[PDB]
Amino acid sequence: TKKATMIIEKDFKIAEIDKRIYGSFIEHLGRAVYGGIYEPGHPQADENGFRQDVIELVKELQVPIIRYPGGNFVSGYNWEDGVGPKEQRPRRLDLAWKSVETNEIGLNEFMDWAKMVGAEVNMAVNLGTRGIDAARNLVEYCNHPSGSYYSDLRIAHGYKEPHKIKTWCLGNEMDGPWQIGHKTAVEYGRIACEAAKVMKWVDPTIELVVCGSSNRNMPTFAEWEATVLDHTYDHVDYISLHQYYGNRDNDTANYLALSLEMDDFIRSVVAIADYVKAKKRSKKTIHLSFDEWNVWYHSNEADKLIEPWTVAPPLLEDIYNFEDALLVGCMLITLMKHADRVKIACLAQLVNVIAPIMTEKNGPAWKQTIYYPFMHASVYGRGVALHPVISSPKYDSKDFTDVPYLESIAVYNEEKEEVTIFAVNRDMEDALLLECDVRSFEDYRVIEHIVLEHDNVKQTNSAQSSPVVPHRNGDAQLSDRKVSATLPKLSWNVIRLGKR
């Protein structure tokens, strides 16, 4: 064993957590929609063709906001193609994913699905092949009550009450040479500025996300964000950032350190926002939408065998293992550590596509390994993120020095009189004996200690069996104003405290 200490001080706060950091994302990609949320033949389909089993699995994650309809897809998409009578909806070539899109689901049916899972929708506008006229028309269609052509058209399409969508994305990551209608930072900043203005003139209640770089390795990384914000600052509310991780080298110790990079990356994008704030002399603070994050790598070879121009190909179907769940847990803790400036985040994506929920045609829906830490973070991670002051043993890996074995944060919920400690032990060999100073939480007791662990980091779940599942046999105990807990080697831990 090794020892680590953490102070849990009520009055050393980061910020209230915005629940939208537990968001997700559904794109018209692979089986996320067709065979994912929507499967008319299925024994568990509802009156509208939505799979009830998927609905219950999303509800259990308590996802507050879902980005839709893309993603790379949106940059070539015409929103009118997906509304009104099905017979008039055209079949399209989706150039993003080289698929035929039938438009059998469009925005009004997605809104119906979102209402059944209790999520708001973070709606994206196309700024690839389209521009400012389509952006104002879509906001009017969705949000204007009545008495104009596009509002009355929504009513005629069967949706009397406006959708009242709060948060919109200005395009999708347009910086990449593989994007439909790629734009330079100046071209994107200009069209995003002019789109943002007309959107807000239709509905001043909305807020806007301007798109950051596709990834931190782009040649234009950081330059992009600074230029785009220079063009848009007065008209927008968030800047996005995106990250995927993978373990292509089978190096568990280096893999689990990657959240340290995520931490730096968030601090960098915050710095850019605050540079442009100062350059503008603005009183407004721009926050971050971490609107794509996950592990993604396992399905890369399988995707190469998919022929173009099929309907609902099985793209991006990673099957996650236990170490992947540990890294997801470290990523969630990293989001909470930045609750002051990361207000929205989207686990990319929610069903089938690099997803915590997987489905089988005419068959079961099941929870991936990564479902569990996400569920725990969403369910028990509402409240105020506290500033951690930690003394942990550390290790070096290929790409990282001084990696703490302990990754942890506490979240205080004053209304529930609860404190939740999220902790990963990265150690591949030894348990960590965690001692938490809880002097500032008088009359708190341990409620529970949840552990996600498995002897085999490569073990996956499947429709037939779930060997990687949480248990409640964690030994956390409160004695003399100190919580002592054994964190097993390679484990995710949720130590819940409450006033009793």
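Counting begins at 1, following the sequence as shown.
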item: Stretch with the higher entry mean CA B-factor, where the candidates are 248 to 256 and 209 to 217; value: 248 to 256
item: Average Cα temperature factor in the PDB entry - higher stretch of 292 to 300, 68 to 76; value: 292 to 300
item: Maximum C-alpha temperature factor, selected from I450, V63, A45, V33; value: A45
item: Highest recorded Cα temperature factor - choice among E87, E187, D230, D318; value: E87
item: Entry-reported Cα temperature factor of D11, expressed as the chain third it lands in; value: highest
item: Ranked against its chain, the third holding the CA B-factor of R445; value: highest
item: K59 CA temperature factor, ranked by third within the chain; value: middle
item: For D430, the third of its chain into which the C-alpha B factor falls; value: highest
item: Lowest, middle or highest third - CA B-factor, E225; value: lowest
